[PDB]
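Data first, discussion second: the structure below is written as structure tokens.
Virtual Cβ from ideal backbone geometry, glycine too; neighbours counted across all protein chains shown. All of the numbers you see were taken from the coordinates with simple rules; none came from a lab.
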Amino acid sequence: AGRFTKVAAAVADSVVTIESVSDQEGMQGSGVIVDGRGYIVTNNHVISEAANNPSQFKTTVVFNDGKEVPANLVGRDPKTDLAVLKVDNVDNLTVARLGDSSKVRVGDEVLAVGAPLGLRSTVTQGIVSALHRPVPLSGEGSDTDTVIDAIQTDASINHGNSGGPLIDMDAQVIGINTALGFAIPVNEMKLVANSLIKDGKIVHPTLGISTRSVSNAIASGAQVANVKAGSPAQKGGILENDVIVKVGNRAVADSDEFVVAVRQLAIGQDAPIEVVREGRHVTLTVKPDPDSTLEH
Amino acid sequence: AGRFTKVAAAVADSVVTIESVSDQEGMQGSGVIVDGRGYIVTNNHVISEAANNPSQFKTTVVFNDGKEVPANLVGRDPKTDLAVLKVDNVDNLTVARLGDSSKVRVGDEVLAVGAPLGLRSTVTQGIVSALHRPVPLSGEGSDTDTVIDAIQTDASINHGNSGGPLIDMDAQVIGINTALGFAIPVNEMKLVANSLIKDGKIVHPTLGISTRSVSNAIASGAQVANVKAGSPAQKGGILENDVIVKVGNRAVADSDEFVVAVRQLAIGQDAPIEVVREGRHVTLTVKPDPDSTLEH
Amino acid sequence: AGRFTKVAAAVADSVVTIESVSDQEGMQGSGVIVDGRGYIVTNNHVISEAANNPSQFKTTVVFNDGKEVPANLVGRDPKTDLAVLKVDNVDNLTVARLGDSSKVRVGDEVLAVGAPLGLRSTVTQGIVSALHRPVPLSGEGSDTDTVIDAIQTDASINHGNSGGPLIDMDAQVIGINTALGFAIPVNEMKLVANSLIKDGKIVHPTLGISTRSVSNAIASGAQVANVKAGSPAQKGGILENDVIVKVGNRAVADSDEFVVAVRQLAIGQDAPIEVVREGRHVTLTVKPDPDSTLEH
């Protein structure tokens, strides 16, 4: 047997098909079993319409055996394209072996696995091309467009392997494929899924700034398009046409890395924001608010 | 030497260039020598115009040695994108080693080889991403659009390796590349080519139904758009707006799998067709006709 | 560690980021250190605007250490998409190991490496799909469109690895990536870069012909669209509507191989040009001029 053929068959029982059907629509994706009690991690755009229209959409999970078991949504995060599902009273579950994305390096051979029983189901192969790469993603329905700090691969991520696992050569999940291929790192997926199981939601830091990307010889970074009122930004003293160069301890190259940098901050703690303002380098102090006050 | 470099050089003498020229046009493709007497398998869209306009198109085969030998068409199958060519009185032919596509699995390393002396000739590498995947194909000229049950690969199939072999790591032909890459399985190619050598044509089962794809919670499958008159379908009792869910022993997920499912049936034998009709599951009995009565 | 992970890390210190910034623009690319004295080979379209607008563009080189050192342009060749840069007084430089592209074969595993600290920086993997393939390229600004005789790979060449090295499994540079991926062969890069360091420019042979591609049964090749006046062509006796089939010792399949064939000729020596003219095969004699008389 081949190297990739063995690594793929080992995790095929850990990858499931997720279907959401109505009287007029049908959406399919891939999921990963990450817990023996029935917790299934997928991405948020696979199930989005079922969450925003729960009255008319029905989500079921289909296993490698062909078994079709109904599924309930535990929680979703459009800002990370992540979602946790629950099947109830299913035994002998082959749980995926979750790895550590901080141990992943450029050149490492990977497998992007989709659910074997899926319609357009695909299993592609490649290497890790980039680490900690901010990539822009579109929101499925009323869902927000977001940016994740991602693992890039030259293996193809498509509709047939999206939501499935990015797998190393030890058959461990290092990422969640999201549809020049990108995946959500597993260390991010473990942190987000842990909160979606416990609280049914996750809270992220907000500043109240909109940014456009700028790159020249004077100052390259994120240019402030609007400062919301009463926001942590306008209280800390950020004005419009400011060029952010570092949020906290992370430098900001464009508007996409700015979105990721805000979302690694701590809610309530003061954070330094360095900006270039009409040729003057100005460091400012802002305390990030929570995006969900009542769930915080 | 490398792994893929060795497997490729081993079959380079089995892959040939196929050119079809006129006073104003020129078409090129790749072929595979599958018989020592001079039988060359390619796909039908490489030679289509030469078959429909035989008066003005000339087909020649170019070997790895640079030798240009005239070629005659034995037979073609637009429904499988397959064609058999004949070069006459050529010696010391390196015949390709034909394999078994039922032994192929997901993750297996493959090589999509084009003719080495071709203009845009390409040799790509990848893995098998899906097996028994129905894929839609367009007909070259007056040729019919069709659907094959295919081997999917993340290796690129393009104009430079189309008609050439999909090759395993034992340097055996497992498929015929047809231009997210797809190939015709070799077990299908052996059955079709055997009939094109003997009879110069192959006969496929027809039912007389046109289908559109439908997917909802009531019934997902192939929805009947039209039932031809005097067809096996309307005699067996299929009506319009019916949703086919299984043809014979094969379930039908969409209109594309319906095309493949009809074409695996037996001509003249009664076959069960299960349909969902206004909420009622109805199994029906149809006897498939031959598409070519005089060649049957 | 993995095979590709080891080969990549070995050359990461030899690949640098090249940025060109103005008051309103910023361009980034990848470069390769090929000399211990500070000579950096990239492609010409990365730096083009900085060369045509040197008054307003500033080019700097960023190393794997994060070190930013100013860079000066030694010379460029739009006809090969090649450029040589110079950093001054930089020590402990990890110079890339340059290989031999004539020893490269189809199926050989390759790595297309971009600068690790680049914004859209990518490292992709693939094989060599074709050798000595003429590929058309577009000129960046006032730069001329050209055709190179290239190494084709199924590894992706994009904005993040363009200008970086194509690397074999011995971690040797076999090509310069230029953005179905193509690279400039290293033997061509050694010849062009040697002349750009010494003379600051390279001289190529010119004939004065414009060609369009033609392919039929009478004569396939490059059809002469215009013959410039006083050119080597019209003196040697080439007329319009002529179909070139061989330039020197190289046959010509289309207009793209004609561009490459002229550029391998010797300046000043008589060369045979075979053409098909109204059904008559006519061999003609032309002496190629230099494109830069004062630098010749």
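Pick out, from B:142, B:99, B:176, the residue whose Cα sits farthest towards the positive end of the charge dipole of chain B, with +1 on the Cβ of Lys and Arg and -1 on the Cβ of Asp and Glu.
Projecting each Cα onto the dipole axis, the largest value belongs to B:99.
Given the stretch B:205-290, report the % of alpha carbon pairs whose separation exceeds 15 Å.
49 percent
Charges on Cβ only, +1 for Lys and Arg, -1 for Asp and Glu, centred on the Cα centroid of the stretch A:1-155; of A:129, A:17, A:38, which one is farthest towards the dipole's positive end?
Of the listed residues, the answer is A:129.
Would you mind giving the average projected area, over all directions, of the Cα convex hull of the stretch B:101-199 in nm² with one decimal?
Its average projected convex-hull area is 6.9 nm².
Can you give the local net charge around residue A:119? Use residues other than it whose beta-carbon is closer than 15 angstrom to its beta-carbon, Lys and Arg +1, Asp and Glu -1.
The answer is -4.
Under 28 Å Cα-Cα from residue B:67, which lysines qualify once same-chain neighbours fewer than 8 residues away are excluded?
Candidates past the 8-residue exclusion: B:6, B:58, B:86, B:190, B:198, C:103, C:246.
How far is the Cα center of the stretch B:207-226 from the Cα center of the stretch C:125-158, in Å?
With the stretch B:207-226 and the stretch C:125-158 each reduced to a Cα centre, they are spaced 46 Å.
How much space per residue, in cubic angstrom, does the convex hull of the C-alpha atoms of the stretch B:194-233 take up?
Looking at the stretch B:194-233, the number lands at 109 Å³ per residue.
Based on the mean of other Cβ atoms within 10 Å per residue, sort peptides B:229-242, B:257-270, C:31-44 so the most packed one is first.
Ranking the peptides B:229-242, B:257-270, C:31-44 by packing returns C:31-44, B:257-270, B:229-242.
Taking each residue of A:262-268 in turn, how many C-beta atoms of other protein chains fall within 10 Å of its C-beta, and what is the average?
Other-chain Cβ atoms within 10 Å of each residue's Cβ, averaged: 0.
Karplus couplings for the stretch A:257-270 from phi (6.51 cos²θ - 1.76 cosθ + 1.60, θ = phi - 60°), rounded to Hz, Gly and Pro as x?
Using θ = phi - 60°, the values come out as 5, 5, 5, 5, 5, 4, 7, 9, 6, 9, 6, x, 8, 6 Hz.
Please give the net charge around residue A:179, taking every other residue with its beta carbon less than 12 angstrom from that of residue A:179, where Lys and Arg add +1 and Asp and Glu add -1.
Summing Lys and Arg as +1 and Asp and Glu as -1 gives -1.
Tell me which residues come under 5 Å, amide H to amide H, from residue C:16 once H is placed; ignore anything under 5 positions away on its chain.
Those lying under 5 Å, H to H, from residue C:16 are C:31, C:32, C:33.
Using r as the Cβ-Cβ distance of residue B:225 and residue A:9, and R0 as 45 Å, what FRET efficiency do you calculate, to the nearest 0.05?
In this case the efficiency is close to 0.70.
Which value, in debye to the nearest 20, describes the size of the charge dipole of the protein assembly as shown about its Cα centre when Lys and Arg Cβ atoms bear +1, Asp and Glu Cβ atoms bear -1, and nothing else is charged?
740 debye
Under the rule of at least 5 residues apart or a separate chain, name every residue whose amide H is placed under 5 Å from the amide H of residue A:211.
A:225
Please give the per residue volume of the convex hull enclosing the alpha carbon atoms of the protein assembly as shown, rounded to a whole number of Å³.
Taking only Cα atoms, the protein assembly as shown has a hull volume of 188 Å³ per residue.
Just the Cα atoms of the stretch A:1-84: what Rg and Dmax do they give in Å?
Considering the stretch A:1-84 through its Cα atoms, Rg and Dmax are 13.8, 47 Å.
Would you kindly give the portion of the calculated P(r) for chain C that falls above 27 Å, as a percent of all Cα pairs?
Across chain C, Cα pairs with separations above 27 Å total 44 percent.
In deg cm²/dmol, rounded to 500, what helix-only [θ] at 222 nm does chain B give when every DSSP H run of at least 4 residues adds -39500 (n - 2.57) and the total is split over its residues?
So the helix-based figure for chain B works out to -4000 deg cm²/dmol.
How far apart, in nm, are two points set 7 Å out from the Cα along the Cα-to-Cβ line at residue B:56 and at residue C:264?
Spacing of the two 7 Å Cα→Cβ label points: 3.6 nm.
Taking the Cα centre of the stretch A:205-290 as origin, work out the dipole magnitude from +1 charges on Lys and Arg Cβ and -1 charges on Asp and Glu Cβ, in debye rounded to 20.
140 debye
Would you tell me the mean number of C-beta atoms belonging to other protein chains that fall within 10 Å of each C-beta in B:154-161, as a whole number?
3
Determine ³J(HN,Hα), in whole Hz, for all residues of the stretch A:29-40 in sequence, where each value follows from phi through the Karplus function 6.51 cos²θ - 1.76 cosθ + 1.60 and θ = phi - 60°; x replaces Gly and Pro.
x, 10, x, 10, 7, 10, 7, x, 7, x, 8, 10
Set the Förster radius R0 to 35 Å, insert the Cβ-Cβ distance between residue A:203 and residue C:65 as r into 1/(1 + (r/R0)^6), and round the FRET efficiency to 0.05.
According to the calculation, E is roughly 0.35.
What is the mean number of Cβ atoms from other protein chains located within 10 Å of the Cβ atom of each residue in peptide B:129-137, rounded to a whole number?
3
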